[PDB]
Novice: 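Take this structure, written in structure tokens, and hold onto it; I'll ask about it next.
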Amino acid sequence: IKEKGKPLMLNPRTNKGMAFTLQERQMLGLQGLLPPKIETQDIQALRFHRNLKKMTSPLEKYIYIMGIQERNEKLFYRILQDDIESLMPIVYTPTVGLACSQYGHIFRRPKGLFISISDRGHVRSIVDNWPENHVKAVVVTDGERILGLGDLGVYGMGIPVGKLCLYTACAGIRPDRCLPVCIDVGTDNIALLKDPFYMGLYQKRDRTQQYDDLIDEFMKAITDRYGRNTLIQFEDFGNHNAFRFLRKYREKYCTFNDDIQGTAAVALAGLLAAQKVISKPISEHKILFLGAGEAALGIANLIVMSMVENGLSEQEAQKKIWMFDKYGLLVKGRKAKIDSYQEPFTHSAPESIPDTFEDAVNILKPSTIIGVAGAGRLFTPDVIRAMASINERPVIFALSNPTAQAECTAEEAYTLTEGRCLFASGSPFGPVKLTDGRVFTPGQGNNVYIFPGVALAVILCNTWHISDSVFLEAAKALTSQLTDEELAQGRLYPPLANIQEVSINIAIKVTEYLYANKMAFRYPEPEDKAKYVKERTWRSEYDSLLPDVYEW
Amino acid sequence: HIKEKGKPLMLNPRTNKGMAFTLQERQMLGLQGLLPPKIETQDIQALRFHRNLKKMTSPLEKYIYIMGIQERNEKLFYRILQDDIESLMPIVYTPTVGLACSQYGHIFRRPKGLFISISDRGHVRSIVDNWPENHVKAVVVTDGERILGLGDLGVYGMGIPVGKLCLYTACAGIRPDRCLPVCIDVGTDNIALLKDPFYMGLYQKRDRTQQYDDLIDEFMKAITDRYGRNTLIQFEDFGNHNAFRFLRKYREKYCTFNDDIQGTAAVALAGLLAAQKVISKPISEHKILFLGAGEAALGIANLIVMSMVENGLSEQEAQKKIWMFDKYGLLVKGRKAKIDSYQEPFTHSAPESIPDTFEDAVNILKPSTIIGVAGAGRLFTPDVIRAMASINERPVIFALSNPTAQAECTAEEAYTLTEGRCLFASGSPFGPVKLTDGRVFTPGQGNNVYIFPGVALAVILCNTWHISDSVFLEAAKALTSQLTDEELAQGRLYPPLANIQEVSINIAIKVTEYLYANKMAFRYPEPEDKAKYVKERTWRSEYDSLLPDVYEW
Amino acid sequence: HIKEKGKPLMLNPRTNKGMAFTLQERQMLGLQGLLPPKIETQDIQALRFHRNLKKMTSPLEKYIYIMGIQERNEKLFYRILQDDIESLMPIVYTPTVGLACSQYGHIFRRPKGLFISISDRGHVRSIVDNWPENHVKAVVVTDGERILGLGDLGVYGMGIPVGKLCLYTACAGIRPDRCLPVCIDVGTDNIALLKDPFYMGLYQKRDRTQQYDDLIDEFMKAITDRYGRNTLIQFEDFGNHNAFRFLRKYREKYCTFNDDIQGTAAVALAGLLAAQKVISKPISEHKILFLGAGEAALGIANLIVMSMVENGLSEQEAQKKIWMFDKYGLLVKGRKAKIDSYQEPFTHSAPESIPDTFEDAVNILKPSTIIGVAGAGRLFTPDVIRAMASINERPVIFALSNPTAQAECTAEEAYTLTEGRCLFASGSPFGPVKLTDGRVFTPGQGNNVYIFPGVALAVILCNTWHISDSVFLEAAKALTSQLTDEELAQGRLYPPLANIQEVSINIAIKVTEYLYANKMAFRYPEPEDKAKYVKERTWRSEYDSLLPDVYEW
Ligand SMILES: NC(=O)c1ccc[n+]([C@@H]2O[C@H](COP(=O)([O-])OP(=O)(O)OC[C@H]3O[C@@H](n4cnc5c(N)ncnc54)[C@H](O)[C@@H]3O)[C@@H](O)[C@H]2O)c1
Ligand SMILES: NC(=O)c1ccc[n+]([C@@H]2O[C@H](COP(=O)([O-])OP(=O)(O)OC[C@H]3O[C@@H](n4cnc5c(N)ncnc54)[C@H](O)[C@@H]3O)[C@@H](O)[C@H]2O)c1
Ligand SMILES: NC(=O)c1ccc[n+]([C@@H]2O[C@H](COP(=O)([O-])OP(=O)(O)OC[C@H]3O[C@@H](n4cnc5c(N)ncnc54)[C@H](O)[C@@H]3O)[C@@H](O)[C@H]2O)c1
Ligand SMILES: NC(=O)c1ccc[n+]([C@@H]2O[C@H](COP(=O)([O-])OP(=O)(O)OC[C@H]3O[C@@H](n4cnc5c(N)ncnc54)[C@H](O)[C@@H]3O)[C@@H](O)[C@H]2O)c1
Ligand SMILES: NC(=O)c1ccc[n+]([C@@H]2O[C@H](COP(=O)([O-])OP(=O)(O)OC[C@H]3O[C@@H](n4cnc5c(N)ncnc54)[C@H](O)[C@@H]3O)[C@@H](O)[C@H]2O)c1
Ligand SMILES: NC(=O)c1ccc[n+]([C@@H]2O[C@H](COP(=O)([O-])OP(=O)(O)OC[C@H]3O[C@@H](n4cnc5c(N)ncnc54)[C@H](O)[C@@H]3O)[C@@H](O)[C@H]2O)c1
Ligand SMILES: O=C(O)/C=C/C(=O)O
Ligand SMILES: O=C(O)/C=C/C(=O)O
Ligand SMILES: O=C(O)/C=C/C(=O)O
Ligand SMILES: O=C([O-])C(O)C(=O)[O-]
Ligand SMILES: O=C([O-])C(O)C(=O)[O-]
Ligand SMILES: O=C([O-])C(O)C(=O)[O-]
Ligand SMILES: [Mg+2]
Ligand SMILES: [Mg+2]
Ligand SMILES: [Mg+2]
């Protein structure tokens with residue numbers, strides 16, 4: 001450290017609080033600025049857990065926890081490590097959605113970097129104002145699709161912040177390497193345009209060429225300063241923007257879209273867990289999507305990929321996937337629009353065309369339904385019953401976030417199918433106990449299981465581009481951790497409590513893959529990939545700040 | 001002008017404006033992108049705070065929130081306090097500060113002052129040199145032995161100096177960067193705190209050896225060696241034995257007063273003088289009974305004596321009108337319970353019947369004014385109050401013990417049980433009391449917050465070197481002289497807390513006029529307009545421009 | 001963009017522009033008033049420097065002045081060097097750097113690199129972490145045992161790494177903030193320096209135990225642990241024993257070369273190849289006699305062998321054409337004086353008469369080329385030169401020892417005593433020589449300054465991990481291929497120092513083309529235009545704008 005005195009306490013990266021040793025206090029001029037008491041991290045973690053028990057509302061817990069990030073960074077990640085299953089719903093979905101919805105009302109300090117359309121031509125100067133020099137990972141949003149909550153504008157910054165908290169908490173990616181970015185080009189959210197506390201420009205979303213040119217400039221500005229292999233994770237962008245940006249940049253920059261590719265990886269891993277229980281033939285698979293956007297087309301393309309990898313044709317796989325959007329079932333000649341990514345999953349109309357999603361369950365008789373509409377409880381009791389009628393063990397994935405936007409609950413799923421269904425949710429549900437005393441612990445089909453492990457590997461390997469097949473390996477490495485006990489309880493994913501261990505093992509496997517496929521440019525290639533990744537994880541343990549005094 | 005730019009301007013609460021950093025400021029000082037594109041006014045920030053607060057329940061949750069602002073955006077903190085000081089005084093000051101000190105270590109996020117332990121001994125100078133501010137003018141110091149009526153809280157007592165200096169700035173516009181809260185940690189005799197794993201002081205019993213005196217000496221020297229021999233040092237919540245002997249040892253050697261003796265003396269008297277204006281009771285017929293013979297008791301009594309002496313009476317026949325009743329019973333000549341030097345002048349020949357209870361002391365001595373400063377709970381019982389309503393047409397009842405739980409009685413039971421005839425003041429805030437007959441009594445708060453800001457400002461601006469007991473007499477006069485007829489007519493013996501800013505400045509003005517008149521001011525030259533002089537040197541909560549001066553040649 | 005403003009921008013020579021700080025820059029960055037109202041161009045600053053210099057006498061006074069600039073205004077320093085590198089090369093480099101190192105401690109004002117002593121042992125990491133620059137790409141390191149021909153100068157030798165890295169930037173446009181000069185102090189065997197009170201190293205004799213190897217190891221690890229395993233480490237002036245065993249121990253384990261072996265090998269060869277172009281002497285008839293069998297001797301010999309081997313000859317019959325004559329006399333099989341591993345291939349069966357002097361070795365062996373690398377003075381005597389002019393129509397005479405005093409002979413006495421028939425190169429600079437018959441010979445300087453910049457730039461930009469002897473062979477080819485006919489026609493066996501910038505960049509370009517072709521480059525992606533790639537990444541001496549980006553919304 002180059003600074004001494006009070007600045008060590010005002011900088012949350014360095015502030016240890018009362019856990020500054022007596023030597024550190026004397027040698028760095030902190031003596032008297034701290035109480036005479038000298039604490040351990042274990043005492044601070046305890047103080048935190050005592051105060052958290054007295055708190056009632058999840059938002060109040062979010063303001064407290066996220067407050068600690070701006071006061072004592074080490075302690076922030078220590079309390080996250082202490083019980084991440086407990087705190088995931090608070091720092092992440094669903095509470096982060098509540099946080100974003102009124103970000104401007106709970107604001108205390110900015111977090112991450114803000115690039116506005118008014119800053120077009122000057123984005124380098126902005127990027128140059130970020131104090132950290134060795135940034136390896138960027139999570140960026142323009143706030144247009146923040147979960148199922150729609151266009152929240154600059155309020156969307158809460159999502160990148162949450163994502164990069166989990167980079168560190170799960171994978172042990174260095175916080176000071178992490179850069180959360182919000183692109184502000186306006187918002188079409190009229191409620192926010194008359195909110196006097198809104199933190200963005202008071203304008204409707206700029207959709208001219210200035211938009212595309214701004215994202216170009218942001219991409220050039222980031223890599224110019226930090227490195228051409230700088231990982232840029234796109235999050236909660238609008239459908240149209242999500243896709244064309246992913247394709248326009250995936251060959252030019254080290255990028256991926258968490259909502260398309262990250263979701264695809266966690267969904268499949270869930271379906272591969274389900275298929276290990278069911279053990280049905282790969283020919284008797286009809287997958288029906290509620291929603292035909294980022295998450296739908298993403299998951300679909302990666303299913304096809306593992307089906308092609310595991311037996312049948314590419315054209316055989318696409319006829320097995322069906323999609324029902326806002327306008328009706330995706331069928332050739334339908335009056336409503338079809339984009340180029342929806343083409344492979346749009347089919348010639350069947351005998352009768354469904355009006356509602358329940359009619360589509362009965363007509364198509366699918367073995368698995370997946371909900372990514374962000375449109376609320378559309379896996380109605382009838383849809384769930386009909387799905388349990390048609391299948392001995394139906395697969396119901398209600399992945400939409402947050403909880404209110406979810407297609408159905410864990411209880412609704414396990415009850416109406418009499419404990420037959422294999423269930424995963426995007427937002428976390430607790431264990432379900434049915435009338436006959438059977439306990440079902442639902443798994444969370446959320447891209448939190450992927451993006452950390454993937455990100456760490458891509459960084460540590462100095463990888464330049466991320467193919468769809470990297471998300472296949474993560475999908476395989478996630479399910480390859482699920483034990484027989486955990487699946488006997490109905491979990492299609494390992495427990496959220498072990499997501500650290502899971503994300504590390506995923507990074508190791510994705511590391512091995514990237515090296516074996518000439519995608520790693522970190523010379524020299526390490527022998528023990530396990531020990532390589534494990535000895536490079538950031539730790540929440542306080543470091544020594546004492547200068548090296550010695551001998552002569 | 002600022003010496004630093006970039007992220008450090010936001011990490012420093014002295015300089016952080018949040019989204020009130022102008023576009024130009026963001027671009028020139030390298031903040032562009034580090035803040036949301038939104039540019040805000042303090043008015044918008046202020047409004048964000050109030051909507052958040054309306055909306056919390058527990059007073060302690062409000063304390064953690066408001067005091068949090070002081071470590072994020074200092075300007076906004078004081079703007080918040082200024083917007084509605086009466087609302088927030090209960091939260092930042094008595095009683096909620098007591099609740100906060102009682103678990104200071106359970107709610108700790110950042111330190112908020114200078115900590116000088118008994119281990120830090122012979123090295124106090126280097127610790128004072130670790131304080132980042134160069135021009136400190138005002139120290140409030142405690143050892144935590146007498147935090148309100150909550151007794152020995154040790155380092156947990158730091159909450160009190162912090163609160164006091166927030167009010168230096170909020171009431172008198174004394175500059176925060178010139179303010180230094182200090183906690184002297186010599187251990188605590190509070191066994192509950194020694195068993196608490198979150199305690200912030202040394203895990204040891206209160207050191208009462210020579211080393212305690214040697215440490216306070218070294219502190220007084222270290223502070224004045226760095227910041228100046230006329231650096232204001234306010235002693236707060238030190239506990240009877242130490243408060244007095246330190247006041248006397250240092251009052252002529254440094255620029256130092258004890259707030260719990262002299263401050264509370266001045267506000268009590270100002271309350272008694274406001275009471276005199278409605279009663280007009282002949283001076284000879286006055287009789288004051290104190291519940292307690294401690295710091296506040298003896299402080300208030302010495303300023304009453306001085307006021308009586310100034311108005312005709314002699315020292316001896318003024319002291320004869322003051323009785324005191326401590327934990328061992330009434331104070332009379334040759335009792336089993338001890339009588340210290342300061343208590344002797346008020347220890348009189350035993351009456352006919354020596355009372356065992358305080359109610360007996362009322363019915364015997366038949367006092368006109370009753371002052372409670374015991375910190376021992378609800379000792380002004382309904383029967384104590386009734387007896388006062390019987391003996392006196394207009395009984396004066398000052399229940400000054402803090403916090404609210406330790407007060408001798410409420411406003412409710414004072415105004416009720418005297419049939420709205422009493423003249424009442426509390427130490428801790430009470431709301432207006434409506435009696436069955438429809439009359440609405442608004443109780444005034446006899447708390448030293450009405451004194452220490454104005455006096456402190458005057459002393460600082462006048463470069464005063466030593467504070468006489470006579471300054472506090474002038475403070476009391478200055479304070480009561482601002483009480484309007486209409487406010488005295490609703491039962492207020494003090495101006496409302498809502499106006500404590502202008503009251504505090506007016507006190508400061510009057511005290512500077514006095515300090516100059518009596519050749520106690522050492523600021524050259526003497527200004528012509530003392531009102532204009534004080535008013536133009538008050539710190540403002542309005543954001544300063546941080547823009548470099550850019551101009552054409 | 002800069003992180004700091006105010007006086008610190010002037011106290012840091014990396015950022016100080018002096019009066020070239022624009023009005024806007026002064027006002028926004030808080031420099032207004034700290035600088036004279038005058039605003040200047042680098043052209044005016046440059047002009048101020050040259051008028052001051054024209055006008056000093058002693059070379060050492062010029063060295064103290066120019067090297068002073070590097071610690072005041074770095075941009076201006078390199079601008080100065082760039083304006084006229086040929087003029088100032090004698091002052092900042094050989095020979096005046098030798099004079100400077102010989103009394104480095106008498107002229108000391110500021111330190112100019114990283115000092116790692118044998119006392120600093122097991123703690124080398126913390127010392128490397130004290131260097132304020134985060135992105136070091138190029139280290140030049142010495143232990144001071146072999147500073148030029150001046151031998152063991154200890155810490156006084158630090159002058160040499162400083163000089164080398166100034167030329168990294170001046171010649172190859174390698175970024176100064178990425179450059180780290182290092183001095184390893186393990187004591188000195190120089191008794192004169194141990195008696196000097198101004199000596200800058202430990203007052204102890206050169207430690208030659210295991211701890212010396214353990215320290216160099218720890219240095220190699222500490223540097224690469226912080227800055228990267230492919231961090232270029234140039235070994236300079238280490239002394240025969242250590243130079244070779246460290247080169248071999250580390251050449252395949254780190255990105256490291258020895259400049260006094262491999263650099264001087266490449267420039268010597270480039271000189272010999274330029275000589276071949278005018279003589280066209282059949283390969284079989286070549287015979288090279290070295291005065292010295294040290295670092296430079298063995299380095300140059302190994303690159304000659306490789307060039308001959310590439311052009312048809314075998315290893316054995318190439319080595320048979322190289323003879324060496326050290327301090328003990330000629331090197332032949334089974335002599336009293338020792339023969340180390342690296343010397344064996346060149347140690348041949350004794351001729352008819354074993355010479356006692358070097359002149360005898362010429363008259364016996366009748367060599368076509370004579371190379372002096374003894375650092376032992378004027379050993380190429382008039383009779384040595386005459387004998388060469390007799391034996392050879394066009395004798396090749398390379399007097400490469402540095403500095404000027406230690407050179408084997410001058411240009412004057414080479415061109416004179418061979419009647420302007422010799423092909424000559426010096427290690428230290430000589431002016432043009434006009435003979436009585438009117439012909440004017442311009443001597444070229446066979447000095448490794450022509451190699452280490454270009455090679456270093458290539459290695460850095462190509463992210464090369466290990467340097468093969470073959471890279472230096474390509475450097476030699478690249479260097480001589482820039483020698484024009486007109487320059488070779490005035491007696492230059494090297495391009496002029498005036499053009500060393502573009503020569504150094506062209507070397508770098510050619511070496512990058514080679515490193516990529518032979519899969520030694522690890523910078524992804526491979527660029528299409530290698531010339532454009534190198535040229536667009538050179539550091540420029542032109543001031544950068546330090547203005548915050550201010551713009552309207
Ligand atoms: N669990 C996870 O890890 C994860 C990851 C990414 C996205 N999601 C969630 O998926 C949901 C949508 O994500 P997206 O990025 O695909 O959004 P999107 O805009 O790309 O896609 C929405 C799709 O759903 C359709 N739809 C909307 N309302 C409908 C209705 N009532 N009936 C039928 N179809 C309807 C739309 O027409 C569109 O095709 C959100 O709730 C989001 O938070 C979850
Ligand atoms: N309103 C104000 O401005 C203000 C200022 C200072 C102190 N106070 C309050 O006054 C109280 C005491 O302050 P202090 O510094 O004088 O304390 P202190 O320690 O100096 O003395 C307390 C006195 O009360 C007596 N006492 C204790 N218990 C008693 C009982 N049951 N019956 C009768 N007497 C009893 C003690 O013997 C002693 O004489 C505290 O609650 C404090 O918060 C209020
Ligand atoms: N137009 C105006 O508003 C106006 C006019 C004249 C002076 N001033 C102010 O007065 C100051 C001049 O200082 P000076 O050195 O001549 O001493 P001074 O004579 O003005 O003040 C006397 C002492 O009180 C201190 N002091 C003044 N204001 C204070 C505050 N708000 N909080 C704490 N301490 C305070 C000073 O540091 C000094 O030690 C300037 O900072 C200036 O802002 C303002
Ligand atoms: N970032 C810079 O500009 C900079 C400056 C000085 C030195 N260095 C580097 O320091 C290196 C020493 O270790 P290393 O980085 O090579 O280890 P490494 O090569 O094993 O690390 C591989 C990559 O992942 C990054 N990385 C390692 N641990 C990480 C973590 N916990 N979170 C996020 N990213 C992580 C590294 O920065 C590197 O880019 C040198 O190789 C040198 O190149 C970098
Ligand atoms: N021009 C250049 O680029 C360049 C590069 C490196 C070294 N040099 C110079 O070459 C000289 C030696 O360098 P080195 O590293 O090879 O030194 P070294 O210590 O490796 O060896 C010097 C050699 O010269 C021999 N020698 C010494 N005195 C002699 C004498 N009187 N007669 C014959 N031989 C004698 C020694 O025995 C030894 O073989 C130094 O002056 C040095 O400055 C020049
Ligand atoms: N138009 C232009 O002039 C232009 C175009 C492209 C890049 N650049 C420059 O190239 C750099 C990009 O760096 P990168 O991280 O992509 O590595 P890189 O691939 O450009 O360079 C390869 C290695 O050489 C180093 N390097 C480059 N120039 C150097 C110098 N002058 N001195 C010392 N070391 C040097 C780098 O740090 C890196 O380790 C930028 O700093 C930029 O100024 C300039
Ligand atoms: O409204 C603000 O800018 C800051 C609020 C806070 O720090 O609480
Ligand atoms: O206990 C600490 O040191 C910090 C606590 C917090 O920031 O809340
Ligand atoms: O500045 C100088 O000239 C010398 C400094 C020193 O000897 O330390
Ligand atoms: O953050 C998430 O959980 C996911 O990316 C989503 O958009 O629903
Ligand atoms: O702080 C106070 O309100 C007072 O000084 C007391 O001690 O009660
Ligand atoms: O520095 C030089 O010129 C050369 O490396 C030498 O050692 O003579
Ligand atoms: Mg998302
Ligand atoms: Mg008090
Ligand atoms: Mg050398």
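Counting starts at 1 for both ligands and their atoms, following the listed order. Lettering follows sequence order; numbering is per chain, from 1. Below, all heavy atoms of this structure are taken into account, side chains as well, without hydrogens, waters or symmetry copies.
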Novice: Quick one: does atom 35 (C) of ligand 6 have a protein heavy atom under 4.0 Å from it?
Specialist: yes
Novice: Would you say the Mg ion (ligand 15) has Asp260(C) as a near neighbour, meaning an N/O/S atom of that residue under 2.8 Å away?
Specialist: yes
Novice: Taking the six-membered ring for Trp, are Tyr168(C) and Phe452(C) closer than 6.0 Å centroid to centroid?
Specialist: yes
Novice: Looking only at protein heavy atoms, identify the closest one to atom 33 (C) of ligand 6 and say how far it is in Å.
Specialist: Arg175(C) N, 3.7 Å
Novice: Do protein heavy atoms approach atom 12 (C) of ligand 6 to less than 4.0 Å?
Specialist: no
Novice: May I have all residue pairs that pass ring-ring contact (aromatic ring centres under 6.0 Å, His included) and include part of residues 140-166 of chain C, sequence neighbours excluded?
Specialist: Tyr156(C)-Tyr199(C)
Novice: For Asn230(C) and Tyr523(A), run side chain to side chain donor-acceptor pair (under 3.5 Å): C-alpha distance rounded to whole Å, both residues' side-chain angles, the deciding distance at 0.1 Å, then the answer.
Specialist: CA-CA 10 Å; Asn230(C) 68 351; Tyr523(A) 175 64; over 6 Å; no
Novice: Quiz question for you: does at least one protein heavy atom lie closer than 4.0 Å to atom 19 (O) of ligand 6?
Specialist: yes
Novice: Can you pull out the closest protein heavy atom to atom 26 (N) of ligand 6? Residue, atom name and distance to 0.1 Å, please.
Specialist: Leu461(C) CD2, 3.5 Å
Novice: In terms of atom number and element, which parts of ligand 6 are under 4.0 angstrom from non-hydrogen atoms of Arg523(C)?
Specialist: 19 (O)
Novice: I'd like to know whether the aromatic ring centres of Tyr227(C) and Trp131(C) sit less than 6.0 Å apart in this structure.
Specialist: no
Novice: With heavy atoms under 4.0 Å as the rule, classify the contact between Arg537(C) and ligand 6 as side chain, backbone, both or neither.
Specialist: both
Novice: Is atom 15 (O) of ligand 6 near the protein, in the sense that some protein heavy atom lies at less than 4.0 Å from it?
Specialist: no
Novice: By number and element, which atoms of ligand 6 are closer than 4.0 Å to a non-hydrogen atom of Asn463(C)?
Specialist: 23 (C), 39 (O)
Novice: Which protein non-hydrogen atom lies closest to atom 39 (O) of ligand 6, naming both residue and atom, and how far is it?
Specialist: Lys137(C) NZ, 2.8 Å
Novice: What does the contact table look like for ligand 10 (nitrogen or oxygen on each side, cut-off under 3.5 Å)?
Specialist:
residue	atom	partner	partner atom	Å
ligand 10	1 (O)	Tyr92(A)	OH	3.2
ligand 10	1 (O)	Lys163(A)	NZ	3.1
ligand 10	3 (O)	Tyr92(A)	OH	3.2
ligand 10	3 (O)	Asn401(A)	ND2	3.3
ligand 10	3 (O)	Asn446(A)	ND2	2.8
ligand 10	5 (O)	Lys163(A)	NZ	3.1
ligand 10	5 (O)	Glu235(A)	OE2	2.8
ligand 10	5 (O)	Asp259(A)	OD1	3.0
ligand 10	5 (O)	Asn447(A)	ND2	3.2
ligand 10	7 (O)	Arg145(A)	NH2	3.0
ligand 10	7 (O)	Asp236(A)	OD1	3.2
ligand 10	7 (O)	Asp259(A)	OD1	3.3
ligand 10	8 (O)	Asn401(A)	ND2	3.0

Novice: Within a distance of under 4.0 Å, is there any protein heavy atom near atom 7 (C) of ligand 6?
Specialist: yes
Novice: Which atoms of ligand 6 are found less than 4.0 Å from any heavy atom of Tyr533(C)?
Specialist: 19 (O), 21 (O), 22 (C)
Novice: Could you tell me the residue and atom name of the protein heavy atom closest to atom 4 (C) of ligand 6, and the distance to it rounded to 0.1 Å?
Specialist: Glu536(C) O, 4.1 Å
Novice: In the protein, what heavy atom is nearest to atom 23 (C) of ligand 6, and what distance, to one decimal place, separates them?
Specialist: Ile460(C) O, 3.6 Å
Novice: Checking contacts now, so for atom 41 (O) of ligand 6, which I'm interested in, is there any protein heavy atom under 4.0 Å?
Specialist: no
Novice: Among protein heavy atoms, which sits nearest to atom 17 (O) of ligand 6, and what does the distance come to when rounded to 0.1 Å?
Specialist: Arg228(A) NH2, 4.2 Å
Novice: Any idea which atoms of ligand 6 are less than 4.0 Å away from a heavy-atom of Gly173(C)?
Specialist: 31 (N)
Novice: Looking only at protein heavy atoms, which one is nearest to atom 37 (O) of ligand 6, and how far off is it?
Specialist: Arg178(C) NH1, 3.1 Å
